[PDB]
Structure formats: C-alpha cells, structure tokens
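Here's the structure, in structure tokens; my notes come after.
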Protein chains: 2
Amino acid sequence: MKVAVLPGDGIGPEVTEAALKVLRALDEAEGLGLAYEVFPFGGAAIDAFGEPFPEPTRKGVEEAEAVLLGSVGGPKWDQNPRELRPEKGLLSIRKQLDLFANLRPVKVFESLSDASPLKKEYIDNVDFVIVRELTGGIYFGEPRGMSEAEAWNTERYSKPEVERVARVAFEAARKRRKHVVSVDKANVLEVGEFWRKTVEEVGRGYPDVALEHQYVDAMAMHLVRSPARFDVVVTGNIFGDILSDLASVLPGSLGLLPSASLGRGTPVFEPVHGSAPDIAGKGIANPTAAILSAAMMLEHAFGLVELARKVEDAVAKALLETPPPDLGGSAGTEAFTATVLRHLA
Amino acid sequence: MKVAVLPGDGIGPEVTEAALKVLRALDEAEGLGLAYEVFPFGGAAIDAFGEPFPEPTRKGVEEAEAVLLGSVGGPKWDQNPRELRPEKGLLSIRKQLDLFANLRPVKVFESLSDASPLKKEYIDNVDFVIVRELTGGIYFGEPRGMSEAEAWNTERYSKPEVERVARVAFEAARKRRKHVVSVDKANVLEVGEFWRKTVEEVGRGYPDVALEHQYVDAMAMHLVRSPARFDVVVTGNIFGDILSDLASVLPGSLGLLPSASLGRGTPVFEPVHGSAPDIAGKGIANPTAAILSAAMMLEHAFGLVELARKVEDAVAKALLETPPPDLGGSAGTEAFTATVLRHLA
C-alpha cells in the first residue's frame, strides 16, 4: 500500500498525522504493507520551494498508489501573484493525475442527530455518496463570452465524459448498497437526454446494481424530504456542485466530511475543510474528516471495503464516546484518535 | 378591480370560488369595485370549445386587470394530441400576456412548524419571495443540439432580460422588507458576471431597498441552514426552478403555496398544486393556496399591500384555528373559508 502523504498547511500536519495513526494500527494488525512518504505541498512549499507543487512532489504523487492530502491555504500567500498561491497547486495535482470524478459522502451519525437542521426522522440512516463529474460541462465548455449586450456559456458533454463518471458510479455502488441514481434535466435540456441514455447504456454492464434517473429539481427536494433513499448519486459538474453543498448541511456539525478525486492517475483523498490556521498547534483540530478520508483510500485506492467500514464504525463509536470540542465535548485530536483506535483493536 | 377568473379543472372550481368569497368580503367592506367574469380554460374548454384556451378567454385575460387561475389537467386529455391537452393552454396564456418573472413565496406559519422537515428554530420567521426569470436562458437558449458523439446547450442572457426580472424584484421588495439577494455563479461563469453587474446597475435606481449577491450553491445551503434571512431572491430560470423546489419543502404541509406570473400583460395568479381530480366535489379541498393567490393579486395587480397582509393573517389565524383534513384537522373548504372571513371582519 504506497501512499504519498502531502499534509499541507495550518491544521493539515496534525489531522493528516491522526489519519496515519489509524492506518499504521490497521497496517500493524492486518499486515497491509503501508509504505508512506511525506512530500511538500502548499503554503509550506511556496515558502520552502518557491511554488505550491514542487517537482519532488509532482513525482511523488505520480508514483504512489494513493495521495493522503491535508489542507492548504493561508492568508500569507494571497497577496503574491496567482501561480504562487496554495490553491493553484490544488488544480495542478488534479490535472496531472487526470482526475475527473469527485466523490463526496454524507452520513449522519446517529449520535450527532440533534445537530442537524432536519428533524431526526429525516436524517436517520442517511448514507449516500454523490459523484460529481469534475472536468466538463458549463464551467469549462465553450463557446463562452460576455458583450455589452449579452453573455453566453455552453453546457457540453461528449459520450466519453459521461461514461467515465458513470463507471466510477457503478463501481462505487458495488462496494456499498448497490443503487445508482443519475441526476439530469432530461425533460427540458438535450445535454440531459444524452447524459440520460449514455448512463443507461453503461448501466447494462453492471447488472448487480440498480439504476434510476431523477431531475435536479426533484433530487434537490428529496435530499431534504427523504435523503436516506439514495446510495450513490452521479451527476454533472454544476449540479454536483450545487447538490453536494445542499447535501453538506444534513450532518449539521460540520467539518466531519471526506472527499476523494478519482480518475486515470493516482486517486487524491482529502478532508473537506481547509487549513484552519487559527487553530494549528493547539491540538484541538477535529480529525474526523482526515480519519474518514483514509477510510476512503482504503475503500477506493486499495479496495479494502471491509476495513473502510470498520474504520467508519470506530469513528462513529468514537464520536459518540468523546465528541471533540467543536461538537460540545472536549476531546482534542489525540484523545479522539485514541478512542478511534481503542475501537478497532 | 377587473379580474378575469379561469377556474380550470378538478378542484379549480371549488378552491377558486373560496378565493372569490374572501375577495367579495373585502370588496363589500372597502368598496374596491371588484368586477369579475368566469371564462373557460383547460380540460373543461377542450371538452366545451375543442381547445384549452379559446378566444373568448384569449380576449378575457387580455382585457382584465388580473387573471385568477385555478388548476387544469386531467388524465382524460393526455391521450389526445399535444395542442389539445390542458397544459398547452398554460404556456399559451404565458406567451400572450408576455409574462417573464414568476414569483413564489414561502412562508412557514408558526402553527404548522412541526410539519416542516427542519427543526423549529430554522423555520421560525421564514417569509421570502423567489422571483425566477421565466423565459430565458438554457431551457430556451441556443445553440443547442445532440449528436452520437456529444450534446450541447447554451445559457444566454441579454442585458434587457436581466433588467426586466431585476425591476420586478426591487419593486417586489419595496412592498415587503426591502432586501433583494440576486443569485448567480459569477465566480465561474460569465453569464453570471453579467447578470451580476446588470442587477447592480438596476439597483441604483431603487435606493430604499438593499442589494446583496450570492452564489447558487451557497444560497442552496442557506435555504436549509438560515432561510429566514432573505426577503426577495431574484435569479435566472434553472436556478429559480431548482431553488424554488428546494424552498417548497420548508413549509412541510404542502399544498399551501401561491404563485404569480408578471410582465407586460395581465398578471396571472394561481395556486401551486394541480387539479387534484380525486377530490373535486367532495368539499375537502384546501383553499389556502387559492386564498393566498388572491392576496398576491391584491398586492401585485392592484398594489393593495395592506389588505394582502391582512388576508395572509386571516389565513394564518384560520390555519391555526381549523386545520384542513390534509393537515390533521377536519375543516373542509367551506368551513375553512369561513374562519378566514370571520377573521377579516
């Protein structure tokens, strides 16, 4: 199991290391062969190497079997230009490893039910994964323009780009409850008729997984009225991007969520949450999203679905037993990483 | 006050008439000069006149100062072709009266708080109006297409189309709490930079009203986390259409919501909810949305903002005192129309 580890800025060192603490325990216990190496990335490499993704790191993520990415970003850099700022590097590692699908899981852990905005009965048993196409459509599509008179922008997709994110979706489905929902605007737009027939062709090859289709506006209503009804949701870019932010309010007690970019190269896994500079060093950072991005690596990079679920129970249990300060408890990073480990022994 | 009344099919006769019962009471009481006339529209006119919007009605809505529309649609017609089915007429009256903005208000009435999917604290004091541009952008925009290889669709807006829906928004704002939020994707798409500067030019003329901008994905999260923070929201078509369906789950106890199309011609007002054929004649239909579309007519067609708010209190009070069967009470259309009237005497 070869992991290039890029802990990034701010809290990235602290919470990326609590992830590795869970992974070295499973590694010991199951003998998985974890070989990892830490590489420079972000505000720290701007300072050190004079750019956010230096070629040691270009090579490192190019040759590992997984990247464990922390978080970059800091005010310090914003003022200096454009390709010298933490975030540029975030797109450079996406381009290089040819990543085209972004997986975002939302789970509401029975113990933090009361933190959610929805009544308990609507969040019970939410466990779903939205996989959003990453590189196509209206944000990148052309023609585009702006005149004194008007402005234009094209949503455009080719069969290859639809089949790519669709296979990730089905394969992603096989490892959890076997149902895909594709999301489109097929009843009005033709990009969406297209998307619809192609997801349905590709679905033929995955017989063990169920396929259904929904319109973006009906799926926006279902994520608040019945979100426990989905397993994997696959959609385009702007709709994945809108429906993943609406879906991120369902847990409530934010900060807990993991993200993973997948594709031809090396899968990148990271917590959704940035640098949090305010609190780097104090030891209170909540590691729940780094420990769960690790669980996603094990599931998507190495296919060890059964260990990924046992790490997601240890963190569920742990969240119930020792809520971090940010969730009305007092367990900092280490004491929380502890009880996670104390559950998967 | 000249109203062409088009009660439509199914429950349309019943609930459009309870609206008129409230309006004839205010009319008596304030002497507003209500002159109304009932015209044929929908499944009923397909049967009667052999098309859904016959020229008596074309003329009627053309010459009234407001349309009070009920609901059309019935299975009976679906099988016969395309321009002979209830819904066609719905676009024919939109084209004819040159309507380009659709106003959708969401309010959560303190008494039905427990029906909502959100915890009480998030719905308390929701009162906002989304005005969605109706005739432009990606659903109508061109070029568009579909090949074996790819599919395309253009989101396109010209300054005139952005300024139109923006003035409705500001003027709509003046009559309630004076804050507009425009919703766009300005940080990625140029249609959205355009939309953004134009809503900001037009805002210069309305000094008494506050303007703010938000991205569609951040506004999708705000409608569940803090929806009581908006007064009027103005946006384009597909985003109005997505954000109005997400916003329609906040009341919970559905069926209660009013809609209004505005523009160069005669404003059309209608309940959001269709025909409901299952229950036409039984007398149980909930009239809360027809009585509140009437309140919207008074506010937008005749500018009688102060009476519109007193009819929205009578129906609030009434919802508290006699919930309809559909909201765990037993008050049918008439008994509910009663207590509404019994409050605005």
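Here's how to read the names in the structure tokens: chain A, B, ... by the order shown, residue numbers from 1 in each chain, ligand numbers from 1 in the order shown.
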Test item: residues at most 6 Å from residue 269 of chain A, only C-alpha atoms, excluding those fewer than 3 positions along its chain, as a PyMOL selection string: chain A and resi 68-69+259-260+293
Exercise answer, chain B residues close to chain A, 7 Å and only C-alpha atoms, as a ChimeraX atom specification: /B:117-119,122,139,145-146,149-159,188-191,194,216-217,220-221,225,241-242,245-246,249
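Closest to residue 92 of chain A among A:279, A:108, A:61, A:34 is A:61, based on only C-alpha atoms.
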Do a neighbour search on residue 343 of chain B at 12 Å with only C-alpha atoms, toss out local chain neighbours closer than 2 positions, and write the hits as a JSON list (two decimals) with N, CA, C and O atoms, in the first residue's frame.
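Generated file (part.json):
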```json
[["chain", "number", "residue", "atom", "x", "y", "z"],
["B", 22, "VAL", "N", -63.46, 35.21, -0.29],
["B", 22, "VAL", "CA", -62.76, 36.20, 0.53],
["B", 22, "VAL", "C", -62.82, 37.53, -0.22],
["B", 22, "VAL", "O", -63.25, 38.51, 0.36],
["B", 25, "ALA", "N", -65.87, 39.62, 0.20],
["B", 25, "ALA", "CA", -65.98, 40.26, 1.51],
["B", 25, "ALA", "C", -65.17, 41.54, 1.65],
["B", 25, "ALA", "O", -65.62, 42.58, 2.16],
["B", 26, "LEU", "N", -63.92, 41.52, 1.17],
["B", 26, "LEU", "CA", -63.11, 42.71, 1.32],
["B", 26, "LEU", "C", -63.80, 43.72, 0.46],
["B", 26, "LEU", "O", -64.11, 44.76, 1.02],
["B", 310, "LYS", "N", -53.38, 41.52, 5.54],
["B", 310, "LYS", "CA", -54.49, 41.23, 6.44],
["B", 310, "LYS", "C", -55.14, 39.94, 5.92],
["B", 310, "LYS", "O", -55.61, 39.16, 6.75],
["B", 311, "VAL", "N", -55.18, 39.61, 4.60],
["B", 311, "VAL", "CA", -55.74, 38.33, 4.18],
["B", 311, "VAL", "C", -54.73, 37.27, 4.57],
["B", 311, "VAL", "O", -55.19, 36.20, 5.00],
["B", 312, "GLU", "N", -53.39, 37.48, 4.45],
["B", 312, "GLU", "CA", -52.40, 36.49, 4.90],
["B", 312, "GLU", "C", -52.45, 36.30, 6.40],
["B", 312, "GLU", "O", -52.24, 35.18, 6.85],
["B", 313, "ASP", "N", -52.77, 37.28, 7.27],
["B", 313, "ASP", "CA", -53.06, 36.96, 8.67],
["B", 313, "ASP", "C", -54.33, 36.15, 8.85],
["B", 313, "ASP", "O", -54.28, 35.22, 9.64],
["B", 314, "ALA", "N", -55.48, 36.50, 8.24],
["B", 314, "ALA", "CA", -56.70, 35.73, 8.38],
["B", 314, "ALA", "C", -56.48, 34.27, 8.05],
["B", 314, "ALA", "O", -56.89, 33.41, 8.86],
["B", 315, "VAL", "N", -55.78, 33.96, 6.93],
["B", 315, "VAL", "CA", -55.46, 32.57, 6.63],
["B", 315, "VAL", "C", -54.45, 32.10, 7.66],
["B", 315, "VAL", "O", -54.59, 30.91, 7.99],
["B", 316, "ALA", "N", -53.46, 32.84, 8.20],
["B", 316, "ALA", "CA", -52.61, 32.25, 9.24],
["B", 316, "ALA", "C", -53.45, 31.81, 10.43],
["B", 316, "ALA", "O", -53.42, 30.64, 10.85],
["B", 317, "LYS", "N", -54.32, 32.72, 10.87],
["B", 317, "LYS", "CA", -55.18, 32.53, 12.05],
["B", 317, "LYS", "C", -56.07, 31.33, 11.88],
["B", 317, "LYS", "O", -56.30, 30.56, 12.82],
["B", 318, "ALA", "N", -56.66, 31.30, 10.69],
["B", 318, "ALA", "CA", -57.56, 30.26, 10.25],
["B", 318, "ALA", "C", -56.88, 28.89, 10.24],
["B", 318, "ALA", "O", -57.45, 27.91, 10.75],
["B", 319, "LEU", "N", -55.61, 28.82, 9.77],
["B", 319, "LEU", "CA", -54.82, 27.58, 9.75],
["B", 319, "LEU", "C", -54.53, 27.07, 11.16],
["B", 319, "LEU", "O", -54.46, 25.86, 11.45],
["B", 320, "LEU", "N", -54.40, 28.05, 12.06],
["B", 320, "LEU", "CA", -54.18, 27.72, 13.45],
["B", 320, "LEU", "C", -55.50, 27.23, 13.95],
["B", 320, "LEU", "O", -55.47, 26.12, 14.46],
["B", 321, "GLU", "N", -56.63, 27.95, 13.82],
["B", 321, "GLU", "CA", -57.93, 27.51, 14.35],
["B", 321, "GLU", "C", -58.67, 26.30, 13.82],
["B", 321, "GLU", "O", -59.40, 25.67, 14.59],
["B", 336, "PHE", "N", -63.30, 26.22, 6.39],
["B", 336, "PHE", "CA", -62.03, 26.92, 6.45],
["B", 336, "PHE", "C", -62.22, 28.29, 5.83],
["B", 336, "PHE", "O", -61.86, 29.28, 6.48],
["B", 337, "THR", "N", -62.84, 28.48, 4.65],
["B", 337, "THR", "CA", -63.09, 29.79, 4.11],
["B", 337, "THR", "C", -63.85, 30.64, 5.10],
["B", 337, "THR", "O", -63.66, 31.85, 5.22],
["B", 338, "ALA", "N", -64.65, 30.01, 5.92],
["B", 338, "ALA", "CA", -65.41, 30.72, 6.93],
["B", 338, "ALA", "C", -64.58, 31.43, 7.97],
["B", 338, "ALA", "O", -64.63, 32.65, 8.13],
["B", 339, "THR", "N", -63.79, 30.67, 8.70],
["B", 339, "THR", "CA", -62.99, 31.25, 9.73],
["B", 339, "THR", "C", -61.99, 32.26, 9.10],
["B", 339, "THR", "O", -61.68, 33.29, 9.74],
["B", 340, "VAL", "N", -61.60, 32.16, 7.83],
["B", 340, "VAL", "CA", -60.74, 33.17, 7.21],
["B", 340, "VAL", "C", -61.55, 34.44, 7.22],
["B", 340, "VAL", "O", -61.02, 35.46, 7.66],
["B", 341, "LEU", "N", -62.83, 34.40, 6.80],
["B", 341, "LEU", "CA", -63.66, 35.58, 6.70],
["B", 341, "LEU", "C", -63.96, 36.11, 8.07],
["B", 341, "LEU", "O", -63.83, 37.29, 8.37],
["B", 345, "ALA", "N", -63.28, 40.46, 9.29],
["B", 345, "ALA", "CA", -64.42, 41.26, 9.72],
["B", 345, "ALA", "C", -63.93, 41.88, 11.04],
["B", 345, "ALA", "O", -64.29, 43.04, 11.26]]
```
Atom pair atom CA of residue 163 of chain A / atom CA of residue 202 of chain A: separation (Å): 6.5 Å
Those of segment 25-197 of chain A in DSSP strand (DSSP E or B), formatted as a count of residues only: 45
Non-local contacts of residue 82 of chain A (12 Å; only C-alpha atoms; under 6 positions in same chain excluded) as a PyMOL selection string: chain A and resi 46+51-52+88-89
For residue 203 of chain B: contacts at 10 Å, only C-alpha atoms, fewer than 6 positions along chain excluded, given as number ranges by chain: B: 163, 166-167, 169-170, 180, 197, 209-212
Selection near residue 49 of chain B, 12 Å with only C-alpha atoms, sequence-local residues under 6 positions removed, as a list in words: residues 39, 40, 41, 42, 43, 55, 56, 57 and 84 of chain B
Keeping only C-alpha atoms, write the selected residues as a compact mmCIF listing (two decimals), in the first residue's frame.
```
# COMPACT_ATOMS: atom_id res chain seq x y z
CA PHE B 39 -64.10 32.27 -18.56
CA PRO B 40 -63.46 28.69 -19.84
CA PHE B 41 -59.90 27.28 -19.56
CA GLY B 42 -58.42 23.81 -19.69
CA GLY B 43 -59.81 20.31 -19.77
CA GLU B 55 -60.58 33.04 -27.99
CA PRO B 56 -63.35 34.28 -25.55
CA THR B 57 -60.82 33.53 -22.92
CA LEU B 84 -55.34 19.79 -27.29
```
Residue set, segment 18-72 of chain B restricted to alpha helix (DSSP H), as a ChimeraX atom specification: /B:18-30,43-49,55-63
Can you spit out the residues from that selection as a compact mmCIF listing (two decimals), in the first residue's frame, using N, CA, C and O atoms?
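In the end it all went to selection_3.txt:
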```
# COMPACT_ATOMS: atom_id res chain seq x y z
N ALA B 18 -63.55 29.85 -3.34
CA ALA B 18 -63.36 30.28 -1.96
C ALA B 18 -62.48 31.48 -1.98
O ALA B 18 -62.61 32.32 -1.12
N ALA B 19 -61.63 31.64 -2.98
CA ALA B 19 -60.84 32.84 -3.09
C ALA B 19 -61.77 34.02 -3.30
O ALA B 19 -61.76 34.94 -2.49
N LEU B 20 -62.64 33.97 -4.33
CA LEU B 20 -63.65 34.98 -4.64
C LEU B 20 -64.44 35.19 -3.37
O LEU B 20 -64.49 36.34 -2.99
N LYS B 21 -64.96 34.22 -2.60
CA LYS B 21 -65.63 34.51 -1.35
C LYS B 21 -64.76 35.38 -0.51
O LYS B 21 -65.31 36.36 -0.04
N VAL B 22 -63.46 35.21 -0.29
CA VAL B 22 -62.76 36.20 0.53
C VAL B 22 -62.82 37.53 -0.22
O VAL B 22 -63.25 38.51 0.36
N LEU B 23 -62.58 37.61 -1.51
CA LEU B 23 -62.46 38.87 -2.20
C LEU B 23 -63.76 39.62 -2.23
O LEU B 23 -63.74 40.86 -2.24
N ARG B 24 -64.92 38.95 -2.31
CA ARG B 24 -66.16 39.70 -2.30
C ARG B 24 -66.33 40.26 -0.89
O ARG B 24 -66.81 41.40 -0.79
N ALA B 25 -65.87 39.62 0.20
CA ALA B 25 -65.98 40.26 1.51
C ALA B 25 -65.17 41.54 1.65
O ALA B 25 -65.62 42.58 2.16
N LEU B 26 -63.92 41.52 1.17
CA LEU B 26 -63.11 42.71 1.32
C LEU B 26 -63.80 43.72 0.46
O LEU B 26 -64.11 44.76 1.02
N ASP B 27 -64.17 43.39 -0.78
CA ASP B 27 -64.83 44.29 -1.73
C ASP B 27 -65.98 44.95 -1.09
O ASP B 27 -66.04 46.15 -1.26
N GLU B 28 -66.86 44.21 -0.43
CA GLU B 28 -68.02 44.77 0.23
C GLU B 28 -67.41 45.75 1.18
O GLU B 28 -67.33 46.93 0.80
N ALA B 29 -66.84 45.26 2.29
CA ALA B 29 -66.16 46.05 3.31
C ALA B 29 -65.33 47.29 2.92
O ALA B 29 -65.37 48.29 3.65
N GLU B 30 -64.56 47.37 1.82
CA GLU B 30 -63.69 48.51 1.46
C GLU B 30 -64.12 49.19 0.18
O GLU B 30 -63.54 50.15 -0.32
N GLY B 43 -59.15 21.53 -19.38
CA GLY B 43 -59.81 20.31 -19.77
C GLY B 43 -61.29 20.48 -20.06
O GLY B 43 -61.91 19.75 -20.85
N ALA B 44 -61.83 21.46 -19.37
CA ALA B 44 -63.21 21.86 -19.50
C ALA B 44 -63.47 22.57 -20.80
O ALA B 44 -64.52 22.38 -21.40
N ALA B 45 -62.53 23.37 -21.30
CA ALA B 45 -62.68 24.03 -22.55
C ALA B 45 -62.29 23.15 -23.69
O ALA B 45 -62.64 23.39 -24.85
N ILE B 46 -61.48 22.12 -23.46
CA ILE B 46 -61.16 21.16 -24.50
C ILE B 46 -62.50 20.53 -24.73
O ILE B 46 -62.94 20.58 -25.87
N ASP B 47 -63.17 20.06 -23.69
CA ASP B 47 -64.47 19.46 -23.89
C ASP B 47 -65.45 20.40 -24.48
O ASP B 47 -66.08 20.05 -25.46
N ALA B 48 -65.57 21.59 -23.90
CA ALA B 48 -66.55 22.53 -24.37
C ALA B 48 -66.11 23.05 -25.74
O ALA B 48 -66.65 22.65 -26.77
N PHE B 49 -65.04 23.84 -25.83
CA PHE B 49 -64.72 24.51 -27.05
C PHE B 49 -63.76 23.79 -27.94
O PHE B 49 -63.50 24.31 -29.01
N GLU B 55 -60.68 31.62 -27.81
CA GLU B 55 -60.58 33.04 -27.99
C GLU B 55 -61.50 33.85 -27.13
O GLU B 55 -61.02 34.93 -26.85
N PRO B 56 -62.70 33.55 -26.61
CA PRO B 56 -63.35 34.28 -25.55
C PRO B 56 -62.44 34.51 -24.40
O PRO B 56 -62.29 35.65 -23.95
N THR B 57 -61.76 33.44 -24.01
CA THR B 57 -60.82 33.53 -22.92
C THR B 57 -59.61 34.30 -23.38
O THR B 57 -59.24 35.18 -22.60
N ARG B 58 -59.00 34.09 -24.56
CA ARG B 58 -57.88 34.91 -25.02
C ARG B 58 -58.21 36.39 -24.78
O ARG B 58 -57.54 37.11 -24.04
N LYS B 59 -59.37 36.83 -25.23
CA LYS B 59 -59.83 38.19 -25.04
C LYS B 59 -59.98 38.50 -23.57
O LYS B 59 -59.46 39.48 -23.09
N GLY B 60 -60.58 37.66 -22.80
CA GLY B 60 -60.83 37.96 -21.42
C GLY B 60 -59.62 38.28 -20.60
O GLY B 60 -59.62 39.32 -19.92
N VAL B 61 -58.58 37.44 -20.70
CA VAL B 61 -57.38 37.67 -19.92
C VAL B 61 -56.66 38.86 -20.55
O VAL B 61 -56.03 39.66 -19.86
N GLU B 62 -56.79 39.09 -21.84
CA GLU B 62 -56.18 40.25 -22.47
C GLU B 62 -56.66 41.60 -21.98
O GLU B 62 -55.94 42.59 -22.06
N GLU B 63 -57.92 41.66 -21.54
CA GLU B 63 -58.61 42.87 -21.14
C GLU B 63 -58.86 43.03 -19.66
O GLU B 63 -59.23 44.14 -19.27
```
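Atom pair atom CA of residue 187 of chain B / atom CA of residue 214 of chain B has a distance of 10.1 Å (rounded to one decimal).
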Contact residues around residue 98 of chain A with only C-alpha atoms at 8 Å, ignoring same-chain residues under 5 positions, as a ChimeraX atom specification: /A:263-265
Residues from last step as file, N, CA and C atoms, as a tab-separated table (two decimals), in the first residue's frame:
```
chain	number	residue	atom	x	y	z
A	263	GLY	N	-9.96	8.78	-11.10
A	263	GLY	CA	-9.64	9.01	-12.50
A	263	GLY	C	-8.54	8.11	-13.06
A	264	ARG	N	-7.76	8.56	-14.02
A	264	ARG	CA	-6.74	7.74	-14.60
A	264	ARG	C	-5.51	7.62	-13.74
A	265	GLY	N	-5.07	8.68	-13.07
A	265	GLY	CA	-3.93	8.60	-12.23
A	265	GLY	C	-4.29	8.21	-10.84
```
